[PDB]
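Protein chains in written order, with the working numbering: chain A, 180 to 390; chain B, 105 to 311; chain C, 61 to 270; chain D, 328 to 527.
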């Protein structure tokens with residue numbers, strides 16, 4: 180019921196022979212019109228039995244790469260079918276090559292993430308540089324659906340107290356107005372322009388687009 | 105330009121005193137010092153320091169309408185003000201969270217690499233311990249061998265696999281023989297070497 | 061860790077266990093039927109009687125067999141042989157790694173979702189260097205001594221009288237951005253504000269300059 | 328960078344309409360004094376807008392503004408070409424490239440994990456073992472020509488011949504005396520298998 184200890188687990192030798200000779204055909208060592216040698220001579224090539232070599236060649240005969248209907252030897256039929264058979268048997272899709280593809284993927288992504296780390300470091304460097312280069316350049320927030328104090332005058336909202344930002348412009352329903360004043364009312368779906376320091380966008384975010 | 109960019113001096117004072125209130129140095133209802141005393145504590149003008157506190161007055165954290173000094177109203181609102189004003193979503197902290205994210209992800213992908221190493225070693229070592237253990241594949245519709253019997257399909261030639269069972273339309277058949285047809289949606293059980301699943305895959309539902 | 065001069069193998073007794081459980085579960089060994097002697101099973105599997113003793117003890121502990129009889133082992137449950145097979149497969153080494161790899165992949169997808177949202181929020185915080193030209197600031201100087209000095213901006217209702225929103229004040233060499241209504245105007249400051257061209261003139265006429 | 332800032336500032340004025348289309352600026356030194364910058368730098372600052380055809384300086388008297396539309400174009404490209412914009416785009420490209428790579432990984436590990444074999448679950452697919460202990464009848468022939476499945480209803484899955492355990496041996500495989508033959512089927516296929524080989 181068990182594999183005998185002296186018995187080594189193997190696959191069918193006839194398939195092995197078929198693959199070897201098909202590989203030679205696909206390489207061109209055995210040309211298309213070229214015929215193979217006797218059934219005993221091919222056995223001598225791999226030091227194997229002639230009958231097993233015949234079965235190996237019967238595999239390729241059934242796969243129509245060669246024909247054995249002629250006693251002189253084996254005449255080759257299609258090199259193109261040999262390459263198709265080689266691609267199919269050597270699947271180039273096993274768990275081994277897929278491991279290599281997966282390892283290549285992980286290494287590429289690790290390199291990309293380090294690249295990302297340097298990119299975001301420099302992005303912070305550039306936000307700190309622009310805050311000094313163009314200190315009056317405006318920000319724009321989009322007052323999204325999750326909303327709390329919409330429909331309220333600016334003066335009543337005490338915006339500057341909690342955000343440190345001065346509201347400078349309002350796009351309300353596609354209408355761009357600069358310097359709107361305290362009685363101006365904001366609804367949802369408006370673009371709000373403001374000026375301040377590096378963190379006023381964050382403060383405006385937490386204050387307006389977060390309940 | 106020819107100067108140095110600075111934010112509102114009053115906001116800094118407001119934030120400082122609000123933090124002290126939130127830490128508990130100035131408890132609720134307790135009396136504060138004069139606008140001039142804390143001004144000297146902060147090395148600022150009494151008038152500017154008063155406006156710094158006027159910010160918190162308008163934010164209803166304290167009241168100063170009694171002249172004796174400033175009375176604390178709610179520490180709870182001071183905490184809210186600190187959470188809202190101080191950094192909670194800036195690009196500086198977000199950079200740090202992003203870097204923590206990428207480093208954690210690097211560790212996972214490294215774990216993934218060792219996991220796939222061990223998975224290949226285990227599938228190969230297990231294949232010797234169970235050389236007749238079956239595989240199971242599902243034939244999709246993208247297959248040219250549909251409606252054909254195993255005898256002409258020459259499966260063993262091209263896959264090195266021995267079909268042992270076929271699950272066709274909810275009926276499990278063991279040892280089906282050449283007079284069995286493969287249709288879309290069948291489970292095909294087979295034995296072979298470690299690469300036969302791949303060979304079956306490309307042979308049936310690929311190319 | 062496994063040395064490069066070693067191998068991993070499943071113990072023979074476990075192989076015996078699964079083999080006999082498979083026979084029971086497929087029905088070759090009916091429930092009532094007795095198994096052969098511990099020595100006969102050892103010879104059939106070419107293993108020591110002691111390893112066969114471990115295999116039969118495996119199925120005994122799983123209540124698939126009982127050995128209180130010297131004649132042999134009596135079959136107990138066909139379904140529990142199937143249960144044992146279920147547990148053995150799902151407990152196999154490649155099964156555990158299969159689950160671990162799937163969990164790792166799932167965790168990494170969530171981490172990248174978190175990353176996507178974090179970089180969304182990170183990237184959104186950018187100020188417009190030039191695209192906004194109606195928001196380019198204007199500049200007046202408190203050059204001519206005017207009125208309402210030493211007062212903050214909110215108490216003056218500047219926007220009513222000039223229609224301008226102050227964005228920055230340079231008071232004696234300190235550039236202050238977003239100074240708020242509590243900020244003071246003195247003589248000799250650079251005053252930056254936003255509005256249109258008729259608001260520039262209005263600011264000027266308001267502060268007694270032009 | 329100060330010269331770039333002046334260029335942007337004056338382009339902003341032109342684009343907002345502060346300098347009407349065709350209005351003249353004063354001599355470069357007069358506006359340069361308005362800024363806290365040297366006139367020498369300001370001359371290059373306006374040379375920038377001259378090179379982009381926002382203004383012309385061939386009138387020593389001063390600067391003549393040309394087109395508001397081209398000033399806006401300059402502003403748009405200036406924001407896009409600023410180093411904070413390009414890094415933002417690069418970071419977005421990096422994140423999306425990694426998303427696709429993980430998409431690929433998701434498909435690769437799916438195909439990679441699918442390739443497992445049922446060590447114990449397929450109890451109906453557990454093989455039987457027959458021993459050709461009696462050399463008689465069907466022997467020395469390939470199993471495919473032997474009509475094995477035809478007459479026994481069994482599919483041979485392994486053959487142990489002379490100390491070599493062969494998995495999936497194929498139709499071209501021959502049976503000799505003393506081989507262990509593994510096959511799959513039912514309880515009655517085991518009996519039929521055995522009976523077939525003049526064993527019992």
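Where a beta carbon is used, it is the ideal one built from N, C-alpha and C, also for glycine.
Using a Cβ-Cβ distance under 8 Å, would residue 202 of chain B count as near chain C?
Cβ-Cβ to chain C under 8 Å: yes for residue 202 of chain B.
Can the beta-carbon of residue 265 of chain B be found closer than 8 Å to that of residue 495 of chain D?
Cβ distance < 8 Å, so residue 265 of chain B and residue 495 of chain D count as in contact.
Start-to-end residues for the alpha helix (DSSP H) that takes in residue 522 of chain D:
Boundaries of the alpha helix (DSSP H) around residue 522 of chain D: 514 to 523.
Short-range partners of chain B found in the stretch 265 to 299 of chain A, where Cβ spacing is below 7 Å:
Per Cβ criterion, the list reads 267, 268, 270, 272, 273, 274, 275, 278, 281, 282, 285, 288, 289, 292, 295, 296, 299.
Could you tell me whether the stretch 177 to 196 of chain B touches the stretch 286 to 297 of chain A, using the rule of 3 or more Cβ pairs below 8 Å?
Touching, no.
In this structure, how does DSSP classify residue 157 of chain C when only helix, strand and coil are distinguished?
Residue 157 of chain C sits in a helix when the DSSP states are folded into three classes.
Going along the chain, which unbroken runs of the alpha helix (DSSP H) with 4 or more residues stay wholly within the stretch 85 to 127 of chain C?
Runs of the alpha helix (DSSP H) lying entirely within the stretch 85 to 127 of chain C and spanning at least 4 residues, in chain order: 98 to 104, 109 to 121.
Beta-carbon separation (whole angstroms), residue 350 of chain A vs residue 325 of chain A, contact threshold 8 Å:
That pair is no contact at about 19 Å.
Range covered by the alpha helix (DSSP H) that runs through residue 260 of chain A
Going by DSSP, residue 260 of chain A is part of the alpha helix (DSSP H) stretching over 258 to 268.
Which residues in chain C have a C-beta closer than 9 Å to the C-beta of residue 380 of chain A? List them in chain order.
Chain C residues near residue 380 of chain A: 184, 185, 186, 187.
I want to verify the contact list: residues of chain B whose CB lies under 7 Å from the CB of residue 70 of chain C, in sequence order.
In chain order: 233.
Per DSSP, what kind of secondary structure is residue 408 of chain D in: helix, strand or coil?
Helix at residue 408 of chain D.
Give the secondary structure of residue 203 of chain C by DSSP, where H, G and I count as helix, E and B as strand, and everything else as coil.
Judged by DSSP in its simplified three-state form, residue 203 of chain C adopts coil rather than helix or strand.
Could you tell me whether the Cβ of residue 185 of chain A comes closer than 8 Å to any Cβ of chain D?
With 8 Å as the cut-off, residue 185 of chain A counts as an interface residue toward chain D.
Can you pull the chain C neighbours of residue 342 of chain D, defined as C-beta to C-beta under 8 Å?
Residues of chain C passing the Cβ test: 193.
How about residue 213 of chain C: is its C-beta nearer than 8 Å to some C-beta of chain B?
No - not a single Cβ of chain B is within 8 Å of the one on residue 213 of chain C.
Residue 302 of chain A classed as buried or exposed, judged by whether at least 16 other C-beta atoms fall within 10 angstroms:
Buried.
Mind pulling the chain C residues with CB within less than 8 Å of residue 310 of chain D?
Any answer about residue 310 of chain D is impossible in this case: the structure gives chain D only from 328 up to 527.
Counting only Cβ pairs nearer than 7 Å, list the residues of chain C close to residue 158 of chain B.
Contact of residue 158 of chain B with chain C by beta-carbon distance below 7 Å involves 242.
The ligand SAM and residue 404 of chain D: does the residue's C-beta get closer than 7 Å to at least one heavy atom of that ligand?
In the structure on display, the ligand SAM does not appear, and there are no ligands present to speak of.
Chain B contacts from the stretch 322 to 354 of chain A (Cβ-Cβ distance under 9 Å)
Taking 9 Å as the Cβ-Cβ cut-off against chain B, the residues of the stretch 322 to 354 of chain A that qualify are 337, 339, 340, 341, 342, 343.
Quick one: give me the first and last residue of the beta strand (DSSP E) that residue 213 of chain C is part of.
Taken as a continuous stretch (DSSP letters only), residue 213 of chain C belongs to no beta strand (DSSP E), as it is neither H nor E.
If you run the structure through DSSP and keep just helix, strand and coil, what is residue 245 of chain C?
Residue 245 of chain C carries a coil assignment under DSSP once its states are collapsed to helix, strand and coil.
Would residue 277 of chain B and residue 252 of chain B be called neighbours here (beta carbons separated by less than 8 Å)?
Contact annotation: residue 277 of chain B and residue 252 of chain B have beta-carbon atoms that are not nearer than 8 Å.
Do we get a CB-CB distance below 8 Å when we pair residue 318 of chain A with the residues of chain D?
Taking Cβ atoms only, chain D never reaches closer than 8 Å to residue 318 of chain A, which makes this a no.
For residue 186 of chain C and residue 395 of chain D, the rounded distance between their alpha carbons
If I take the Cα positions, the gap works out to 25 Å.
Within its chain, find whatever has a CB closer than 7 Å to the CB of residue 140 of chain C; leave out the 5 residues flanking it on each side and keep chain order.
Cβ within range, chain order: 122, 123, 124.
Under 8 Å, with one C-beta from each stretch per pair, do the stretch 149 to 164 of chain B and the stretch 117 to 137 of chain B reach the 3-pair mark?
Contact between the stretch 149 to 164 of chain B and the stretch 117 to 137 of chain B is present, because at least three Cβ pairs lie under 8 Å.
Can the beta-carbon of residue 475 of chain D be found less than 8 Å from the beta-carbon of residue 511 of chain D?
Not closer than 8 Å, so no.
Validate contact between the stretch 111 to 120 of chain C and the stretch 61 to 74 of chain C using beta carbons, cut 8 Å, 3 pairs
As far as the Cβ criterion goes, the stretch 111 to 120 of chain C touches the stretch 61 to 74 of chain C, which means the pair count is three or higher.
Mind checking residue 68 of chain C: buried by the 16 CB within 10 Å criterion, or exposed?
The Cβ neighbour count for residue 68 of chain C, taken over all protein chains shown within 10 Å, is under 16; the residue is labelled exposed.
Between residue 167 of chain B and residue 135 of chain B, what straight-line distance do the alpha-carbon atoms span, to the nearest angstrom?
When rounded, the distance between both Cα atoms is 10 Å.
When you check each C-beta in the stretch 98 to 116 of chain C against every C-beta of chain A, which residues fall closer than 9 Å?
Flagged, chain order: 104, 105, 106, 107.
Contact list for residue 387 of chain A against chain C, beta-carbon separation under 9 Å
Under the 9 Å cutoff, chain C gives no residues; its nearest Cβ is about 13 Å from residue 387 of chain A.
Is the distance from the Cβ of residue 381 of chain A to the Cβ of residue 140 of chain B below 8 Å?
At least 8 Å separates the beta-carbon of residue 381 of chain A from that of residue 140 of chain B.
As assigned by DSSP and simplified to three states, the class of residue 479 of chain D
In the displayed model, residue 479 of chain D falls within a helix according to three-state DSSP.
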